[PDB]
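The next block holds one structure in the form of structure tokens; read it before the comments.
Reconstructed Cβ throughout: ideal geometry from the backbone, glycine too, with neighbour counts over all protein chains shown. Please treat every number below as a calculation from the coordinates, not as lab data.
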Amino acid sequence: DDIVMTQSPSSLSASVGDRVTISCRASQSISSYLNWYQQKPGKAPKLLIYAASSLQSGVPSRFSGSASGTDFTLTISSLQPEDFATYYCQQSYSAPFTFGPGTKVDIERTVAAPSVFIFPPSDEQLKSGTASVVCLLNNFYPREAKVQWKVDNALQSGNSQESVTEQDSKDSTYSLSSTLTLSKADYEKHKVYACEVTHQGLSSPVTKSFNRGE
Amino acid sequence: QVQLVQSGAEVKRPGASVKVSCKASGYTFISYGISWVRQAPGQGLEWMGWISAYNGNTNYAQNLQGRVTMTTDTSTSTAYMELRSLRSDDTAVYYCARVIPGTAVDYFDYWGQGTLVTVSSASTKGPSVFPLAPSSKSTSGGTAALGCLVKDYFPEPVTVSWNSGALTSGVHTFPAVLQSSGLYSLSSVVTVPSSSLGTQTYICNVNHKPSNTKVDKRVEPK
């Protein structure tokens, strides 16, 4: 049996002292053959709960698990700083053993709009036949953000990549870089390069733009 | 105190094989089992299989049967995972984990630190380092962003510092992205007082050990 484990929600934000509940659903009956793991960035998972409701040795008592049919819940009774992490459920009822896709519990804070910056390709790079245009979204919260590239007002698709930092240790924000890659010849065909940022901290999307060659 | 120590990162070509080790300590190895679980970059967790140290019996993930072999050496308390006929989407961090025998429900109670295995046909190549120059289009109310684009290298990793580690506040070094070319790229940025620009020096220190490439790039306003 190929058992699919779903988790809801995919992400949530909480504050220290909050009661936090995370949900897991199996695509078929798995009895109580259900475990919960915690994972932080760069680190291996850690076992929290096994057999739906058994607390693993050494795990603080604020963690608990419960089961109702195909529905499973992990509860943290009063969230502590060390609990911000991604949480995975895992079924041991049928091979292949399968994991849920994870619920990331991040730090709740006030909305913070990104500060947006755009960088043209460097003269150095353009000599080598390629143009990288970079859009930086600095120190925003929450994580959801949309970056749209526009070249002479034409919306770009398929030629950008973006990556994101982990939540900042000092101000609990995220930052994000989006890179638009064009050949030099394509870069030279257009004039206005723009990054349009949509984020709930902005009442209107913010556009940062330049004219090529200025 | 239970510990599982895995071997170091590996770079392999498609069609090759890899063998990762997992050295156990702090418990009676022959009484337990070892499971292997992998995590592709940015993805979730995938069980690969199970071995019992006492009798050497294995259970493998169907999507890997025929390509994966798990063994243990009970004389050295070491577990091994061999994966053959490697493909690019075998790129992952591979974990070993201890399984407790004779439990109604199997669970993974201690995990190794992980081994990155990168599978790629790309040749080792050092990065080009390009400035992300501060201008009035990276100036925001008395602060300015600048940075370094570290483009087209293989394999991971690169390190980036600013001003030899003396500059840390306001730095963001982004995770690398794998481009369609098979080469990685990443950016490192820092925000600084805009009045500092003409009066202070900003150097990104880029080190790519695999290609023995080291670059210090001064980023100057436009």
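Details
- Pair list, Cβ under 8 Å, 6 or more apart: region B:98-118 residue more than 19 Å from A:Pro96 (Cα to Cα), other residue among the basic types (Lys, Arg) and surrounded by 21 or more Cβ atoms within 10 Å (Cβ to Cβ): B:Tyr110/B:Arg98
- Residue within region A:153-163 that is under 30 Å from A:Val20 (Cβ atoms), assigned to a strand (DSSP E or B) and either in contact (Cβ under 8 Å) with a residue 12 or more places away in the chain or over 24 Å from the mean Cα position of the chain (by Cα) (or both) present: yes
- Looking across region B:164-203, the residues that are surrounded by 15 or more Cβ atoms within 10 Å (Cβ to Cβ), over 25 Å from the mean Cα position of the chain (by Cα) and either among the basic types (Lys, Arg) or not in a strand (DSSP E or B) (or both) come down to B:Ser194, B:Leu197, B:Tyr202.
- Qualifying positions in region A:99-129 - without any contact (Cβ under 8 Å) to a residue 60 or more places away in the chain, facing another protein chain (nearest Cβ under 8 Å) and of a type outside the set (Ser, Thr, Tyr): A:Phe119, A:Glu124, A:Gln125
Residues are listed down the side, and each one gets a yes or a no for (1) outside any loop (DSSP other than H, G, I, E, B); (2) in contact with an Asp or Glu (Cβ under 9 Å, 6 or more places away or on another chain):
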position	(1), (2)
A:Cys89	yes, no
A:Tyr93	no, yes
A:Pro96	no, yes
A:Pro101	no, no
A:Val105	yes, yes
A:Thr110	no, no
A:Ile118	yes, no
A:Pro121	no, no
A:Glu124	yes, no
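- Members of region B:33-49 found to be buried (at least 21 other Cβ atoms within 10 Å of the Cβ) and on the phi < 0 side of the Ramachandran plot, listed by number: B:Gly33, B:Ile34, B:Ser35, B:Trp36, B:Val37, B:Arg38, B:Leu45, B:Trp47, B:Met48
- Hits in region A:94-127 - residues which are in contact with a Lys or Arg (Cβ under 8 Å, 6 or more places away or on another chain) and over 30 Å from A:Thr21 (Cβ atoms): A:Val116, A:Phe117, A:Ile118, A:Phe119, A:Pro120, A:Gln125, A:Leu126
- Qualifying residue in region B:149-171 (condition: out of contact with any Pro (no Cβ under 7 Å at 6 or more places or on another chain), at the interface with chain A (Cβ under 10 Å from one of its Cβ atoms) and within 24 Å of A:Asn211 (Cα to Cα)): yes
- Selected residue (criterion: surrounded by the most Cβ atoms within 10 Å (Cβ to Cβ)) from residues of region B:126-142 that are assigned to a strand (DSSP E or B) and in contact with a helix residue (DSSP H, G or I) (Cβ under 6 Å, 6 or more places away or on another chain): B:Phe130
- Within region A:74-85, the set of residues being surrounded by fewer than 19 Cβ atoms within 10 Å (Cβ to Cβ) and part of a strand (DSSP E or B) comprises just one member, A:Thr75.
- Residue in region A:29-56 that is farthest from the other protein chains (Cβ to nearest Cβ), counting only those that are among the hydroxyl-bearing types (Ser, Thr, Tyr) and in a loop (DSSP other than H, G, I, E, B): A:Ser29
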